[PDB]
Amino acid sequence: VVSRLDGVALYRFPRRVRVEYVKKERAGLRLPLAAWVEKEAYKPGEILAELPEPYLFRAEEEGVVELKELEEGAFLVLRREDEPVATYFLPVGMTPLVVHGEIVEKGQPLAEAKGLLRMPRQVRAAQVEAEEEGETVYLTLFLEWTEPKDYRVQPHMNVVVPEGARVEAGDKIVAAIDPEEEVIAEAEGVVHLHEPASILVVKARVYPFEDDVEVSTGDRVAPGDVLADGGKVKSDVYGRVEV
Amino acid sequence: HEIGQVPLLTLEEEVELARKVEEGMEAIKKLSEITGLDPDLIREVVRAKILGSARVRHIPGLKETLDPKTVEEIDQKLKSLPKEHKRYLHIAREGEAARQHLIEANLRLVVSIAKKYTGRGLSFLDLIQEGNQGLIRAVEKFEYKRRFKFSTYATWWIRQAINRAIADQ
RNA sequence: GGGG
DNA sequence: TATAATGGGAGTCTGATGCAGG
DNA sequence: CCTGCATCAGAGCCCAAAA
Ligand SMILES: Nc1nc2c(ncn2[C@@H]2O[C@H](COP(=O)(O)OP(=O)(O)OP(=O)(O)O)[C@@H](O)[C@H]2O)c(=O)[nH]1
């Protein structure tokens with residue numbers, strides 16, 4: 001598809017809504033000392049440490065493994081009974097040696113770390129607290145990342161939420177004929193629109209507004225006419241109002 | 001040639017327009033409560049601004065001569081509403097806009113029904129115009145929730161209109 | 001279609 | 001008032017005048 | 001400027017005229 005005219009491209013019917021949910025969690029890691037680069041925070045992609053020879057990251061608790069894998073990098077979570085006893089963060093360059101739902105004992109290797117290990121592209125490190133014991137450092141990492149989830153929109157459904165919107169738990173994203181099949185926002189996240197049915201190219205100007213808008217849809221407008229927000233935003237081109 | 005200039009609706013497009021018309025009707029009902037006006041009077045005032053200045057006339061049943069003075073007076077009371085009330089004005093306007101498009105996109109359906117009714121004493125175009133009259137009735141009564149395609153419901157109202165036309169004129 |  | 005239905009069928013010869021065209 | 005060229009409005013009277 002190649003567009004034939006200048007203007008604003010508009011999404012018609014997104015078939016797939018992807019919600020990137022916001023997660024902020026505190027997870028730990030242990031590394032040698034002669035191998036980690038000291039920083040108080042890590043931007044995504046930043047190198048955390050460099051190991052001369054492979055190092056075996058070991059369990060500091062006994063439990064069953066709940067493995068949660070990101071795009072790159074991993075989370076590993078030990079729980080006894082159902083109470084979580086540990087949260088470990090495995091950066092890139094660290095290969096899990098355990099599988100989901102596996103029993104581990106104190107001291108057994110969870111992951112091999114070889115060479116340069118760096119932050120994954122989707123996950124950050126806010127505050128970094130450290131402790132020094134023997135020849136190793138244990139990082140208490142305050143990590144922030146977004147986990148994607150896709151929702152399918154059917155022909156009788158309409159998306160009620162814009163590209164880039166902020167939702168809390170309970171917010172409606174897609175609406176449908178009957179109460180089931182509705183898409184309700186699971187928790188805090190940001191919204192992205194994908195796979196539109198067609199793209200409508202309109203020759204038009206876009207004038208965003210925060211507060212109440214004084215012109216309603218269908219009104220005709222000339223350059224200088226006040227649009228919304230008590231006179232702050234006003235019209236440039238000659239044209240027809242779409243609210 | 002003129003009907004062939006409005007593209008036919010996609011299942012999505014059909015449901016979208018139908019949805020906006022229903023919500024708009026509900027909006028006008030609510031706007032009546034809030035404002036203390038008449039639902040029909042509001043609807044004709046809302047409708048006036050969508051089509052433009054071209055069509056302004058007294059409407060049989062409306063309490064006010066529906067001249068530019070009264071539609072400005074009444075529109076200014078509607079645009080003087082608080083943000084949470086004024087959202088319903090925007091809904092009604094967009095409801096009327098979608099109605100226009102919905103009607104226009106289904107005109108070819110009327111032709112295919114009317115061509116079968118030729119030879120009964122009304123000219124082909126007379127049959128189309130009466131057929132179009134039923135289509136307008138059908139757009140106002142359509143309930144999109146039933147998941148039926150529009151063509152199914154319209155046909156009953158269009159067939160009804162032509163047959164009444166032949167019997168009356 | 002026929003009369004002048 | 002609700003499966004869905006979306007673009008039609010059909011018939012000479014004269015002179016005067018106001019019109020798009022080498 | 002002039003000429004092809006079309007679109008239009010003309011084409012006798014009276015009587016039966018058996019629909
Ligand atoms: N205008 C007109 N006159 C007719 C018509 N039919 C018959 N006539 C009359 O028929 C008459 C013909 O008369 P003829 O008998 O031919 O007159 P003629 O010149 O003396 O010819 P001969 O009697 O043979 O010598 C004319 O006077 C006409 O008025 C008609 O249809 N129209």
# chains A, B, ... in the order shown; residues from 1 in each chain; ligands from 1
call {"tool": "residues_around", "arguments": {"residues": "residue A:61", "least_positions_apart": "5", "cutoff": "9 Å", "atoms": "only C-alpha atoms (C1' of nucleotides)", "output": "ChimeraX atom specification"}}
result
/A:78-79,85-86,104-107
call {"tool": "write_last_selection", "arguments": {"atoms": "C-alpha atoms", "output": "short mmCIF file (atom, residue, chain, number, x, y, z; two decimals), in the first residue's frame"}}
result
data_model
loop_
_atom_site.label_atom_id
_atom_site.label_comp_id
_atom_site.auth_asym_id
_atom_site.auth_seq_id
_atom_site.Cartn_x
_atom_site.Cartn_y
_atom_site.Cartn_z
CA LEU A 78 11.68 -19.49 44.22
CA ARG A 79 8.69 -20.30 46.45
CA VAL A 85 11.10 -16.78 49.12
CA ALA A 86 13.34 -15.23 46.43
CA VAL A 104 16.11 -26.59 43.91
CA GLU A 105 18.26 -26.72 47.02
CA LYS A 106 20.45 -24.04 48.56
CA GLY A 107 23.75 -23.78 46.69
#
call {"tool": "residues_near_ligand", "arguments": {"ligand": "ligand 1", "cutoff": "12 Å", "atoms": "only C-alpha atoms (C1' of nucleotides) and all ligand atoms", "output": "NGL selection string"}}
result
(:C and (2-4)) or (:E and (12-15))
call {"tool": "write_last_selection", "arguments": {"atoms": "N, CA, C and O atoms (P, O5', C5', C4', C3', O3' and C1' of nucleotides)", "output": "PDB file, in the first residue's frame"}}
result
ATOM      1  P     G C   2     -59.962   3.803 -49.659  1.00  0.00           P
ATOM      2  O5'   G C   2     -61.484   4.271 -49.637  1.00  0.00           O
ATOM      3  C5'   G C   2     -62.538   3.356 -49.902  1.00  0.00           C
ATOM      4  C4'   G C   2     -63.863   3.896 -49.423  1.00  0.00           C
ATOM      5  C3'   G C   2     -64.298   5.223 -50.024  1.00  0.00           C
ATOM      6  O3'   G C   2     -64.835   5.147 -51.328  1.00  0.00           O
ATOM      7  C1'   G C   2     -64.517   5.356 -47.708  1.00  0.00           C
ATOM      8  P     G C   3     -64.574   6.372 -52.343  1.00  0.00           P
ATOM      9  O5'   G C   3     -65.565   7.508 -51.820  1.00  0.00           O
ATOM     10  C5'   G C   3     -66.939   7.481 -52.171  1.00  0.00           C
ATOM     11  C4'   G C   3     -67.607   8.821 -51.986  1.00  0.00           C
ATOM     12  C3'   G C   3     -67.035   9.986 -52.776  1.00  0.00           C
ATOM     13  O3'   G C   3     -67.479   9.993 -54.121  1.00  0.00           O
ATOM     14  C1'   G C   3     -67.382  10.647 -50.534  1.00  0.00           C
ATOM     15  P     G C   4     -66.476  10.397 -55.304  1.00  0.00           P
ATOM     16  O5'   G C   4     -66.377  11.980 -55.164  1.00  0.00           O
ATOM     17  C5'   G C   4     -67.511  12.769 -55.479  1.00  0.00           C
ATOM     18  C4'   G C   4     -67.357  14.195 -55.053  1.00  0.00           C
ATOM     19  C3'   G C   4     -66.147  14.923 -55.599  1.00  0.00           C
ATOM     20  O3'   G C   4     -66.319  15.353 -56.943  1.00  0.00           O
ATOM     21  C1'   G C   4     -66.410  15.386 -53.285  1.00  0.00           C
TER      22        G C   4
ATOM     23  P    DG E  12     -51.253  19.912 -44.724  1.00  0.00           P
ATOM     24  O5'  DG E  12     -52.227  20.632 -45.784  1.00  0.00           O
ATOM     25  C5'  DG E  12     -52.449  22.044 -45.658  1.00  0.00           C
ATOM     26  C4'  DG E  12     -53.810  22.469 -46.176  1.00  0.00           C
ATOM     27  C3'  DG E  12     -54.995  21.811 -45.492  1.00  0.00           C
ATOM     28  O3'  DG E  12     -55.454  22.531 -44.400  1.00  0.00           O
ATOM     29  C1'  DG E  12     -55.228  21.629 -47.820  1.00  0.00           C
ATOM     30  P    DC E  13     -56.481  21.796 -43.401  1.00  0.00           P
ATOM     31  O5'  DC E  13     -57.902  21.882 -44.135  1.00  0.00           O
ATOM     32  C5'  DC E  13     -58.535  23.159 -44.349  1.00  0.00           C
ATOM     33  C4'  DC E  13     -59.899  22.987 -45.012  1.00  0.00           C
ATOM     34  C3'  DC E  13     -60.830  22.025 -44.326  1.00  0.00           C
ATOM     35  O3'  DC E  13     -61.539  22.708 -43.289  1.00  0.00           O
ATOM     36  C1'  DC E  13     -60.811  21.662 -46.696  1.00  0.00           C
ATOM     37  P    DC E  14     -62.133  21.878 -42.051  1.00  0.00           P
ATOM     38  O5'  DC E  14     -63.488  21.197 -42.596  1.00  0.00           O
ATOM     39  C5'  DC E  14     -64.623  21.956 -43.034  1.00  0.00           C
ATOM     40  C4'  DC E  14     -65.556  21.045 -43.846  1.00  0.00           C
ATOM     41  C3'  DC E  14     -66.011  19.794 -43.128  1.00  0.00           C
ATOM     42  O3'  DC E  14     -67.188  20.016 -42.373  1.00  0.00           O
ATOM     43  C1'  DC E  14     -65.421  19.337 -45.421  1.00  0.00           C
ATOM     44  P    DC E  15     -67.657  18.899 -41.306  1.00  0.00           P
ATOM     45  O5'  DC E  15     -67.994  17.636 -42.207  1.00  0.00           O
ATOM     46  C5'  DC E  15     -69.285  17.410 -42.621  1.00  0.00           C
ATOM     47  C4'  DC E  15     -69.343  16.129 -43.409  1.00  0.00           C
ATOM     48  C3'  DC E  15     -69.356  14.905 -42.550  1.00  0.00           C
ATOM     49  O3'  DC E  15     -70.644  14.717 -42.039  1.00  0.00           O
ATOM     50  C1'  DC E  15     -68.037  14.620 -44.516  1.00  0.00           C
TER      51       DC E  15
END
call {"tool": "closest_atom_pairs", "arguments": {"of": "chain D", "to": "chain B", "cutoff": "10 Å", "atoms": "only C-alpha atoms (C1' of nucleotides)", "output": "JSON lines"}}
result
{"residue": "D:1", "atom": "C1'", "partner": "B:156", "partner_atom": "CA", "distance": 7.5}
{"residue": "D:2", "atom": "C1'", "partner": "B:153", "partner_atom": "CA", "distance": 5.3}
{"residue": "D:3", "atom": "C1'", "partner": "B:152", "partner_atom": "CA", "distance": 7.9}
{"residue": "D:4", "atom": "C1'", "partner": "B:152", "partner_atom": "CA", "distance": 5.7}
{"residue": "D:5", "atom": "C1'", "partner": "B:151", "partner_atom": "CA", "distance": 6.2}
{"residue": "D:6", "atom": "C1'", "partner": "B:109", "partner_atom": "CA", "distance": 4.0}
{"residue": "D:7", "atom": "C1'", "partner": "B:4", "partner_atom": "CA", "distance": 6.5}
{"residue": "D:8", "atom": "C1'", "partner": "B:115", "partner_atom": "CA", "distance": 7.1}
{"residue": "D:9", "atom": "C1'", "partner": "B:115", "partner_atom": "CA", "distance": 9.8}
call {"tool": "select_by_dssp", "arguments": {"residues": "stretch 24-79 of chain B", "states": "helix (DSSP H, G or I)", "output": "ChimeraX atom specification"}}
result
/B:24-35,39-51,68-79
call {"tool": "atom_distance", "arguments": {"atom1": "atom CA of residue B:25", "atom2": "atom CA of residue B:61"}}
result
18.5 Å
call {"tool": "atom_distance", "arguments": {"atom1": "atom CA of residue A:117", "atom2": "atom CA of residue A:132"}}
result
19.6 Å
call {"tool": "interface_residues", "arguments": {"of": "chain B", "to": "chain A", "cutoff": "7 Å", "atoms": "only C-alpha atoms", "output": "PyMOL selection string"}}
result
chain B and resi 11-12+15+49-50+79+83+90+93-94+145
call {"tool": "closest_residue", "arguments": {"among": "A:108, A:55, A:70, A:143", "to": "residue A:41", "atoms": "only C-alpha atoms"}}
result
A:143
call {"tool": "residues_around", "arguments": {"residues": "residue D:16", "least_positions_apart": "2", "cutoff": "10 Å", "atoms": "only C-alpha atoms (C1' of nucleotides)", "output": "PDB file with C-alpha atoms (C1' of nucleotides), in the first residue's frame"}}
result
ATOM      1  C1'  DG D  18     -28.193  29.308 -33.974  1.00  0.00           C
TER       2       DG D  18
ATOM      3  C1'  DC E   8     -36.972  22.074 -34.470  1.00  0.00           C
ATOM      4  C1'  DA E   9     -41.436  22.905 -36.478  1.00  0.00           C
TER       5       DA E   9
END
call {"tool": "atom_distance", "arguments": {"atom1": "atom CA of residue A:236", "atom2": "atom CA of residue A:206"}}
result
9.8 Å
call {"tool": "select_by_dssp", "arguments": {"residues": "stretch 50-231 of chain A", "states": "strand (DSSP E or B)", "output": "MDAnalysis selection string"}}
result
chainID A and resid 50:58 63:69 74:80 83:90 92:96 103:104 109:118 123:133 136:152 158:159 166:167 172:175 183:184 189:194 199:202 213 220:221 226:228
call {"tool": "write_last_selection", "arguments": {"atoms": "C-alpha atoms", "output": "CSV table (one decimal), in the first residue's frame"}}
result
chain,number,residue,atom,x,y,z
A,50,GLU,CA,32.2,-8.7,32.5
A,51,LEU,CA,33.3,-12.2,33.6
A,52,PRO,CA,36.8,-13.6,32.7
A,53,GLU,CA,35.6,-17.2,32.9
A,54,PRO,CA,32.1,-18.6,33.4
A,55,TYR,CA,30.5,-18.1,36.8
A,56,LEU,CA,27.7,-20.2,38.2
A,57,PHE,CA,25.0,-18.2,39.9
A,58,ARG,CA,23.7,-20.3,42.8
A,63,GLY,CA,12.2,-23.8,46.7
A,64,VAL,CA,10.2,-24.6,43.6
A,65,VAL,CA,11.1,-22.5,40.5
A,66,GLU,CA,8.6,-20.1,38.9
A,67,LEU,CA,10.3,-19.1,35.6
A,68,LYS,CA,9.1,-15.9,33.8
A,69,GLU,CA,11.0,-15.3,30.5
A,74,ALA,CA,14.9,-13.8,32.5
A,75,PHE,CA,13.3,-13.7,35.9
A,76,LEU,CA,13.5,-16.7,38.3
A,77,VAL,CA,11.3,-17.0,41.4
A,78,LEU,CA,11.7,-19.5,44.2
A,79,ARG,CA,8.7,-20.3,46.5
A,80,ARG,CA,8.2,-22.8,49.3
A,83,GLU,CA,5.0,-18.0,49.7
A,84,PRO,CA,7.7,-16.5,47.4
A,85,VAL,CA,11.1,-16.8,49.1
A,86,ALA,CA,13.3,-15.2,46.4
A,87,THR,CA,13.3,-13.1,43.2
A,88,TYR,CA,16.4,-13.4,41.0
A,89,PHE,CA,17.2,-11.4,37.9
A,90,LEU,CA,19.1,-13.1,35.1
A,92,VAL,CA,21.5,-11.1,29.0
A,93,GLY,CA,24.6,-13.4,28.9
A,94,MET,CA,23.2,-15.6,31.7
A,95,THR,CA,21.5,-18.9,30.5
A,96,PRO,CA,19.0,-20.6,32.8
A,103,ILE,CA,12.8,-28.1,43.0
A,104,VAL,CA,16.1,-26.6,43.9
A,109,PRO,CA,23.5,-23.5,40.1
A,110,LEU,CA,20.5,-21.7,38.6
A,111,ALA,CA,22.2,-20.0,35.6
A,112,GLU,CA,25.6,-19.8,33.8
A,113,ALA,CA,27.0,-16.4,33.1
A,114,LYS,CA,29.6,-16.2,30.3
A,115,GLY,CA,31.5,-13.1,29.1
A,116,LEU,CA,29.8,-9.7,29.0
A,117,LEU,CA,26.3,-9.5,30.6
A,118,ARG,CA,24.1,-6.4,30.0
A,123,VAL,CA,13.9,-3.5,31.2
A,124,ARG,CA,15.7,-0.8,33.3
A,125,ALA,CA,17.4,-0.5,36.7
A,126,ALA,CA,16.3,2.5,38.9
A,127,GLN,CA,18.0,2.4,42.3
A,128,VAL,CA,20.9,-0.1,42.8
A,129,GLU,CA,21.8,-1.2,46.4
A,130,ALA,CA,24.8,-3.4,46.9
A,131,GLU,CA,26.5,-5.5,49.7
A,132,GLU,CA,30.0,-7.0,49.7
A,133,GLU,CA,30.5,-10.5,51.2
A,136,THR,CA,31.2,-11.5,45.7
A,137,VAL,CA,28.7,-8.6,45.5
A,138,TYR,CA,24.9,-9.1,45.8
A,139,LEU,CA,22.9,-6.5,43.9
A,140,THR,CA,19.4,-5.6,45.1
A,141,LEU,CA,18.1,-4.2,41.9
A,142,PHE,CA,15.0,-2.0,41.6
A,143,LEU,CA,13.8,-3.0,38.1
A,144,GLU,CA,11.1,-1.5,35.9
A,145,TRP,CA,9.8,-3.2,32.7
A,146,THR,CA,6.8,-3.6,30.4
A,147,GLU,CA,5.2,-7.0,29.6
A,148,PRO,CA,3.2,-7.1,26.3
A,149,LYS,CA,-0.2,-8.8,26.1
A,150,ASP,CA,-2.3,-9.0,22.8
A,151,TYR,CA,-6.1,-8.8,22.6
A,152,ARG,CA,-8.2,-9.7,19.4
A,158,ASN,CA,-15.0,-1.2,18.6
A,159,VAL,CA,-11.8,0.0,20.3
A,166,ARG,CA,-2.9,5.4,30.1
A,167,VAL,CA,-5.1,2.8,31.8
A,172,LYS,CA,-12.4,-0.7,29.2
A,173,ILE,CA,-10.2,-1.0,26.1
A,174,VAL,CA,-12.6,-2.7,23.6
A,175,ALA,CA,-16.4,-2.9,23.8
A,183,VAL,CA,-11.7,-6.3,26.9
A,184,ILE,CA,-11.0,-4.9,30.4
A,189,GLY,CA,-0.3,-0.2,31.2
A,190,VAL,CA,0.1,1.7,27.9
A,191,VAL,CA,-2.0,1.0,24.7
A,192,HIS,CA,-0.8,0.4,21.1
A,193,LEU,CA,-3.0,0.0,18.0
A,194,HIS,CA,-2.0,-2.6,15.4
A,199,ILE,CA,-5.7,3.6,6.6
A,200,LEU,CA,-7.8,6.7,5.9
A,201,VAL,CA,-5.6,9.6,4.7
A,202,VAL,CA,-7.4,12.9,5.3
A,213,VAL,CA,-13.9,22.1,23.7
A,220,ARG,CA,-17.4,25.3,9.7
A,221,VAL,CA,-14.3,27.3,10.6
A,226,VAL,CA,-11.2,29.8,18.6
A,227,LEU,CA,-11.5,26.0,18.9
A,228,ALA,CA,-11.0,24.8,22.5
